Each structure stands twice: as C-alpha cells, then as structure tokens.
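Data block below; observations after.
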Amino acid sequence: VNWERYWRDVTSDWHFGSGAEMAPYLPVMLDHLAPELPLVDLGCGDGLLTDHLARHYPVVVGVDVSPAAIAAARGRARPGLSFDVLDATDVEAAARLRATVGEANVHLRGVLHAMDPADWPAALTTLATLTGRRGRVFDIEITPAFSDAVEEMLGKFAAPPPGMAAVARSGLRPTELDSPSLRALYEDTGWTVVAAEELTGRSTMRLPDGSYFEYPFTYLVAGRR
Amino acid sequence: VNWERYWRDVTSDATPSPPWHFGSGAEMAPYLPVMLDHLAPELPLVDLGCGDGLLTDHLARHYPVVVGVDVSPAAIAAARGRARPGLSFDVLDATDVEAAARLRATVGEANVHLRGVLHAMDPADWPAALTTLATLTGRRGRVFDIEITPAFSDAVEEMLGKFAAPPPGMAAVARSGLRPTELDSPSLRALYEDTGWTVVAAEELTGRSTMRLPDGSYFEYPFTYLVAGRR
Ligand SMILES: Nc1ncnc2c1ncn2[C@@H]1O[C@H](CSCC[C@H](N)C(=O)O)[C@@H](O)[C@H]1O
Ligand SMILES: Nc1ncnc2c1ncn2[C@@H]1O[C@H](CSCC[C@H](N)C(=O)O)[C@@H](O)[C@H]1O
C-alpha cells in the first residue's frame, strides 16, 4: 500500500551494469536451486534484478504486491520472463501460481524486512506452496547491523548536537532478521536450511576518512520435506 | 534497540564529563524555555530515559530537585557518577507502573521530561508508559516529551544517496533497512489526547550537526515535542 506509492514515484524516471555485481550470490543459486525448475522472484519490484536473473534461468516470473511495480516490470517481459501481481500474504494466489508454473524455486531480495513481521507466517506458507518438495528459496535480507552502520556514519560525518547521540539512536530502528533469526524463522516453520552465509556491499563513494560505507546483508537457501 | 548493550559499550570508556565540556547550555537543551514557560516551577523533575546522566546534569543546574531514571542498569551505574544533593538516578522501566507508583510515593507529584523514550520502546508498551506518566505527574504535574520525527529516515536516505550510495541494484532493498519512526507532530498529539491528556504546548524543533558534509550542507536531525497535562 505504501509500496504502491514508492513504485509510482520511482517509475517517473538490453544492457547490464557488470557481471555478478547485480547478483553476487548467483553461483550459490545455481549450486543449490535446480535450473530445470521455473524461478519466482517474490518482491520483484521494477524487474531490474529479475531481468538479470533471467540471463541464467530460462523460465522466470517476477511478482510483487504493487501494480505500479509490475506494470513498469512488464516493460521487460519476453518469452521466459513474465510479471504478475501477488501479495505473499495471499496463500490462495500462491496456490494459483503454483498450479500454473509448476513447483518452482523462489528468490526474495529484501522482502521479509519489507513487510510487517506478523505477515511472515503467510509469506512463508506462500513460499512453501510455490516450492512443493523439489523447489528451493534463496532469501537475502539487509541485517540490523545496517542501522549500526548508519549510527557509526552519523557519528563522525554528521554528529548530532552534544549529548544527543542516544536520541539519534532511538530513531535508528534496526531490521528484525540477522543470520540466526533468519535461520530460526525458516526452521521454526519446518524448512531445512541447505546453505546460509553473510555478504557485504561497499559503496563506490569515498567518505572523508578514506572509509567506504558497507551495506550488510545475510542470505539462506531452504527446502521442504 | 537493546539498551543495556548500548550503555555498557558507551559507558565502557570514561570521571564523567561535566556539561560545560560539551556546550555552553543552549545547544544541549534548546527547548528549556518551553519547559520553564509551561511546566510548574515548584515540582521535582523526572528525566525518563536519563541514560548516562549528561542532559539530566544540565537540567539539575536549573531545577532544584531532579531524578533521572532509565531501563538500563549500566546507564544508571554511569549516571550515579554525576550524583550530588538534588540530582538522583534510579533504574525505572516506563512499562513497570508499580515502580512508577513507588517513585510517585517517594518523590511526590512531578513534571517528567522524555527524550526519545517513546520511539526507544515498542508501540505495544505505549499505553503502559502513558500510565507510568499519569502516575508520576498526578494532578499538578506535566510532561515534556521530545521525539525524533519519522522524517529522520528520509534525512538518512538523502545522506546515504549522496555520500554512501548503495551498490547498483540495492536502492529498494536498502529502503526496507530504514524501519521508520511512527510519532510525527499529529501522531504524538493524538497518543496523549486519546489517553486523557490536555496538550498545552506542541511545536517542531530542528537540531543541527556542527560537522559540515562535503556537499557544504549540514545534517538536520528533525524533532517534535509537546507539553501535556492530566485533564
Ligand atoms: N506482501 C508482499 N508481497 C509481495 N511483495 C511485497 C510484499 N511486501 C512488499 N513487497 C515488495 O517487496 C519489495 C521490497 S524491495 C524490492 C526488492 C527487489 N527484488 C529488488 O531488489 O529490487 C518491493 O518491491 C515491495 O513492493
Ligand atoms: N521502557 C523504558 N523505560 C525507561 N527507559 C527506557 C525504556 N526504553 C528505553 N529507555 C531509555 O530511553 C532512552 C532513549 S534514548 C536516550 C535519551 C537520553 N535522555 C539521553 O540524552 O541520553 C535510553 O536511555 C534508554 O535506555
């Protein structure tokens, strides 16, 4: 609903940046996600990354809660790449997709921290409906360490007035899922974690102390039984 | 989010730095005039979420009797270093209404200063916190509450885009890493008004960094505040 707003304002604005620059986890995906299966990009947004995943996967469906995102994404449609609206909370939509495309792998980039922790049960049921017993999910999320990285950065290049560092902290509300809490979310719902590492994305922009801001991510790959 | 962990790390260093080290008054508590004008002058002051005790040392040089309280034992262990006659530091969880009542019986009816405390806790604990506030203030007492605006996330986003840009592809991913504050000026007003508070004084304050970004721009920490009385 607020994500519908965000994609209307972003789309007021083929070729590909570099290699594994877009998807540095790609080798992990090909290693753990059967390529013979179709791939759903849950929370595909404007389809940029979905397009780049398609270079490697022959049957790809991006889906997203926002109709703006899908409409913009739909621009990139081709044979073997397709886009559709789907709320990860709407298990009956997930069922309808599963029965269309078949058992499928599912890649999420940023989706769990994109929604209320109360919608996670439904989202994970959706993932389970899409995967059946042959499909696997690749899920990557920005860690609570991101807020620690913004706190540090405000700390030295935009310090709050004196004695106001902890009030600044109060406004820096972290994400819920680190490495262990991502693994607990999948395991407590009946998933087998096949793989699970961390991953950092540096900024090409040089901060005054010759440091580079680091965006901290964490991913796992999971399957049912 | 984990306030004992924060304060043990910050308190791991420091001999507490008197307030005159960091500023010459005005900059620590720009809002003090709004407090002198609308709070009752005779009542003791509670600093809810007092932390290491810096701002409460400052306030206790304008207010005869002041008690700073915080969830975090570490925070209070450090704050107690600043202790002197008329300046007092205790462990109080704003949730724990029983503890809030025990203070009210000891201290008497009080004014309460809150900095950041409502966004420092879970919206689920807000009804309990407002009850703690009603218990300390009684009839005569009032609250000054100041909170970092929801548009802080927007300021951080602007900063990051300009000097710490995300990897190409990661812009939307990084917007989700921004868990937004929920009390803007209209929302902080409602929370107090829908729980039987009268709002005497409500405005917005912008507290600026002295550090100059490479842009030439200065970082603007967006605040909002109000003074509330039990109706
Ligand atoms: N319940 C839900 N179901 C599906 N998508 C959702 C959702 N809640 C949020 N989203 C989507 O999740 C995305 C989060 S950020 C965009 C992620 C995208 N794969 C990328 O890296 O570019 C947004 O597109 C948002 O619209
Ligand atoms: N439930 C709760 N009850 C009491 N204090 C709390 C609390 N949750 C958070 N706090 C405290 O509220 C503060 C929020 S930020 C710190 C503001 C403080 N006046 C200062 O300038 O340092 C922290 O000190 C934190 O320890």
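To be explicit about the labels: the chains of the structure tokens are called A, B, and onward in the order shown, and within each one the residues are counted from 1, while ligands get numbers from 1 in the order they are shown.
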Using only C-alpha atoms and a cut-off of 9 Å, which residues of chain B sit close to chain A? Please list them as an mmCIF file with C-alpha atoms, in the first residue's frame.
data_model
loop_
_atom_site.group_PDB
_atom_site.id
_atom_site.type_symbol
_atom_site.label_atom_id
_atom_site.label_comp_id
_atom_site.auth_asym_id
_atom_site.auth_seq_id
_atom_site.Cartn_x
_atom_site.Cartn_y
_atom_site.Cartn_z
ATOM 1 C CA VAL B 1 17.147 -1.379 20.413
ATOM 2 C CA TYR B 6 24.276 0.205 24.097
ATOM 3 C CA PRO B 19 28.030 19.528 30.787
ATOM 4 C CA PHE B 22 30.223 19.701 25.503
ATOM 5 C CA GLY B 23 28.393 23.072 25.196
ATOM 6 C CA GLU B 27 22.756 23.503 22.365
ATOM 7 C CA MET B 28 22.133 20.510 24.755
ATOM 8 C CA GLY B 51 20.896 7.472 30.099
ATOM 9 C CA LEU B 54 24.508 14.129 30.840
ATOM 10 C CA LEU B 55 21.320 16.085 29.921
ATOM 11 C CA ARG B 115 13.798 12.492 25.322
ATOM 12 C CA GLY B 116 13.476 9.750 22.658
ATOM 13 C CA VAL B 117 11.886 7.260 25.086
ATOM 14 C CA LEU B 118 8.613 6.549 23.159
ATOM 15 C CA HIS B 119 10.478 5.567 19.894
ATOM 16 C CA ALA B 120 13.081 3.751 22.058
ATOM 17 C CA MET B 121 10.311 1.252 23.020
ATOM 18 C CA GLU B 147 10.917 12.558 19.823
ATOM 19 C CA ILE B 148 12.955 12.247 16.559
ATOM 20 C CA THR B 149 10.396 12.714 13.665
ATOM 21 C CA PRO B 150 9.580 9.958 11.125
ATOM 22 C CA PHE B 152 14.791 11.259 10.108
ATOM 23 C CA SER B 153 14.743 8.083 7.908
ATOM 24 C CA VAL B 156 19.409 9.423 6.385
ATOM 25 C CA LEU B 160 23.301 7.835 2.010
ATOM 26 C CA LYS B 162 24.770 11.480 -1.814
ATOM 27 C CA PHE B 163 27.912 10.175 0.094
ATOM 28 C CA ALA B 164 27.308 6.393 0.768
ATOM 29 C CA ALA B 165 25.275 5.283 -2.276
ATOM 30 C CA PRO B 166 24.072 1.657 -2.240
ATOM 31 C CA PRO B 167 25.524 -0.833 -4.792
ATOM 32 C CA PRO B 168 23.714 -0.552 -8.181
ATOM 33 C CA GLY B 169 20.524 -2.654 -7.685
ATOM 34 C CA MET B 170 20.232 -2.324 -3.860
ATOM 35 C CA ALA B 172 14.846 -0.529 -2.778
ATOM 36 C CA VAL B 173 16.498 -3.275 -0.615
ATOM 37 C CA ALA B 174 18.152 -0.505 1.469
ATOM 38 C CA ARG B 175 14.840 1.474 1.830
ATOM 39 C CA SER B 176 13.468 -1.559 3.826
ATOM 40 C CA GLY B 177 16.546 -1.320 6.168
ATOM 41 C CA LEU B 178 15.016 2.066 7.167
ATOM 42 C CA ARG B 179 12.483 0.974 9.877
ATOM 43 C CA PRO B 180 10.636 4.327 10.161
ATOM 44 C CA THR B 181 9.769 6.130 13.457
ATOM 45 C CA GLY B 207 18.680 20.223 15.871
ATOM 46 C CA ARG B 208 21.666 20.682 13.512
ATOM 47 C CA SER B 209 25.075 18.982 13.335
ATOM 48 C CA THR B 210 28.132 21.305 13.619
ATOM 49 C CA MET B 211 30.046 18.892 11.236
ATOM 50 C CA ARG B 212 29.914 20.142 7.598
ATOM 51 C CA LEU B 213 29.174 17.452 4.953
ATOM 52 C CA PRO B 214 31.466 17.524 1.856
ATOM 53 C CA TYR B 218 24.667 20.283 7.361
ATOM 54 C CA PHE B 219 22.744 17.228 8.697
ATOM 55 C CA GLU B 220 19.304 18.231 10.149
ATOM 56 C CA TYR B 221 18.007 15.927 12.976
#
**Item:** Residues of segment 7-160 of chain B in strand (DSSP E), written as a ChimeraX atom specification
**Value:** /B:45-48,66-70,87-91,111-115,142-148
Next, dump the selected residues to file, keeping only C-alpha atoms, as a short mmCIF file (atom, residue, chain, number, x, y, z; two decimals), in the first residue's frame.
data_model
loop_
_atom_site.label_atom_id
_atom_site.label_comp_id
_atom_site.auth_asym_id
_atom_site.auth_seq_id
_atom_site.Cartn_x
_atom_site.Cartn_y
_atom_site.Cartn_z
CA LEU B 45 11.69 16.82 37.66
CA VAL B 46 11.85 13.22 36.40
CA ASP B 47 14.08 12.62 33.38
CA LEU B 48 12.51 9.45 31.85
CA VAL B 66 15.74 16.08 39.75
CA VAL B 67 15.55 12.25 39.46
CA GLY B 68 16.78 10.63 36.22
CA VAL B 69 15.53 7.07 35.58
CA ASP B 70 16.30 4.50 32.84
CA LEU B 87 20.33 15.11 41.48
CA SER B 88 19.24 11.44 41.76
CA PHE B 89 19.47 8.38 39.43
CA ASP B 90 17.42 5.15 39.55
CA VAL B 91 16.53 2.12 37.35
CA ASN B 111 7.00 17.01 35.95
CA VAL B 112 8.52 14.48 33.51
CA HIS B 113 10.98 15.18 30.68
CA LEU B 114 11.10 12.42 28.00
CA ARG B 115 13.80 12.49 25.32
CA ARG B 142 3.17 17.90 33.29
CA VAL B 143 5.27 16.08 30.63
CA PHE B 144 7.72 17.49 28.12
CA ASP B 145 8.18 14.75 25.51
CA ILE B 146 10.54 15.26 22.51
CA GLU B 147 10.92 12.56 19.82
CA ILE B 148 12.95 12.25 16.56
#
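A straight line drawn from atom CA of residue 92 of chain B to atom CA of residue 141 of chain B is 18.4 Å long.
Between atom CA of residue 33 of chain A and atom CA of residue 94 of chain A there is a distance of 19.2 Å.
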From segment 106-183 of chain B, collect each residue whose DSSP state is helix (DSSP H, G or I) and return the set as a CSV table (one decimal) with C-alpha atoms, in the first residue's frame.
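This is the output file states.csv:
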chain,number,residue,atom,x,y,z
B,106,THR,CA,8.7,8.8,47.3
B,107,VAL,CA,9.1,11.9,45.1
B,117,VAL,CA,11.9,7.3,25.1
B,118,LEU,CA,8.6,6.5,23.2
B,119,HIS,CA,10.5,5.6,19.9
B,120,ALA,CA,13.1,3.8,22.1
B,123,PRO,CA,4.3,0.8,20.4
B,124,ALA,CA,2.7,-2.1,22.5
B,125,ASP,CA,4.4,-0.7,25.7
B,126,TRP,CA,3.0,2.9,25.0
B,127,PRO,CA,-0.3,2.5,27.0
B,128,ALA,CA,1.8,1.3,30.0
B,129,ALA,CA,4.3,4.2,29.6
B,130,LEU,CA,1.5,6.8,29.4
B,131,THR,CA,0.0,5.2,32.6
B,132,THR,CA,3.5,5.5,34.2
B,133,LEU,CA,3.4,9.2,33.1
B,134,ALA,CA,-0.1,9.8,34.6
B,135,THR,CA,1.2,8.2,37.9
B,136,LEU,CA,4.3,10.5,38.2
B,137,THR,CA,2.5,13.7,37.2
B,152,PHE,CA,14.8,11.3,10.1
B,153,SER,CA,14.7,8.1,7.9
B,154,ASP,CA,14.2,10.4,4.9
B,155,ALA,CA,17.2,12.6,6.0
B,156,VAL,CA,19.4,9.4,6.4
B,157,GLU,CA,18.3,8.2,2.9
B,158,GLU,CA,19.2,11.7,1.4
B,159,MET,CA,22.6,11.5,3.1
B,160,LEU,CA,23.3,7.8,2.0
B,161,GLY,CA,22.3,8.5,-1.7
B,162,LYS,CA,24.8,11.5,-1.8
B,163,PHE,CA,27.9,10.2,0.1
B,171,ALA,CA,18.3,1.0,-3.5
B,172,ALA,CA,14.8,-0.5,-2.8
B,173,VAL,CA,16.5,-3.3,-0.6
B,174,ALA,CA,18.2,-0.5,1.5
B,175,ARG,CA,14.8,1.5,1.8
**Complete:** Closest of A:59, A:165, A:70, A:101 to ligand 2, counting only C-alpha atoms and all ligand atoms, is A:165
For residue 19 of chain A, please output as a CSV table (one decimal) with N, CA and C atoms, in the first residue's frame all residues within 12 Å (counting only C-alpha atoms; exclusion window: fewer than 4 positions along the same chain).
chain,number,residue,atom,x,y,z
A,15,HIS,N,20.8,-3.7,-21.9
A,15,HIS,CA,22.1,-3.5,-21.3
A,15,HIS,C,22.1,-3.9,-19.8
A,23,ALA,N,24.0,-9.6,-8.8
A,23,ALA,CA,23.7,-10.8,-8.0
A,23,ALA,C,25.0,-11.6,-7.7
A,24,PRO,N,25.8,-11.1,-6.7
A,24,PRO,CA,27.0,-11.8,-6.2
A,24,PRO,C,26.7,-13.2,-5.6
A,25,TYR,N,25.5,-13.5,-5.3
A,25,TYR,CA,25.1,-14.8,-4.7
A,25,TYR,C,24.7,-15.8,-5.9
A,26,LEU,N,24.8,-15.4,-7.1
A,26,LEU,CA,24.4,-16.2,-8.3
A,26,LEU,C,25.0,-17.6,-8.3
A,27,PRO,N,26.3,-17.7,-8.2
A,27,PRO,CA,26.9,-19.1,-8.1
A,27,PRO,C,26.2,-20.0,-7.0
A,52,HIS,N,18.0,-9.6,-14.9
A,52,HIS,CA,19.4,-10.1,-14.8
A,52,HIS,C,19.5,-11.6,-14.3
A,53,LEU,N,18.5,-12.0,-13.5
A,53,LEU,CA,18.4,-13.4,-13.1
A,53,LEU,C,18.0,-14.2,-14.3
A,55,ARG,N,19.0,-14.0,-17.4
A,55,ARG,CA,20.1,-14.4,-18.2
A,55,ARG,C,20.6,-15.8,-18.0
A,56,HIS,N,20.3,-16.3,-16.8
A,56,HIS,CA,20.8,-17.6,-16.2
A,56,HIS,C,19.6,-18.6,-16.1
B,168,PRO,N,24.7,-0.5,-7.1
B,168,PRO,CA,23.7,-0.6,-8.2
B,168,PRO,C,22.8,-1.8,-8.1
**Asked** Contacts of segment 71-73 of chain A at 7 Å or less, counting only C-alpha atoms, minus same-chain residues fewer than 5 places along, as a PyMOL selection string?
**Response** chain A and resi 11+46-47+83
**Asked** atom CA of residue 26 of chain B to atom CA of residue 57 of chain B: how many Å, to one decimal?
**Response** 14.0 Å
**Message:** Need the shell around residue 12 of chain B: protein/DNA/RNA residues with any atom at most 12 Å away, counting only C-alpha atoms. Skip same-chain ones fewer than 5 positions apart. Format as a PyMOL selection string?
**Reply:** chain B and resi 4-7+52+74-75+77-78
**Test item: residues at most 8 Å from residue 64 of chain B, only C-alpha atoms, excluding those fewer than 4 positions along its chain, as a PyMOL selection string** = chain B and resi 44+60+86
**Complete:** Across B:58, B:9, B:95, B:193, the smallest distance to residue 30 of chain B, with only C-alpha atoms counted, is shown by B:58
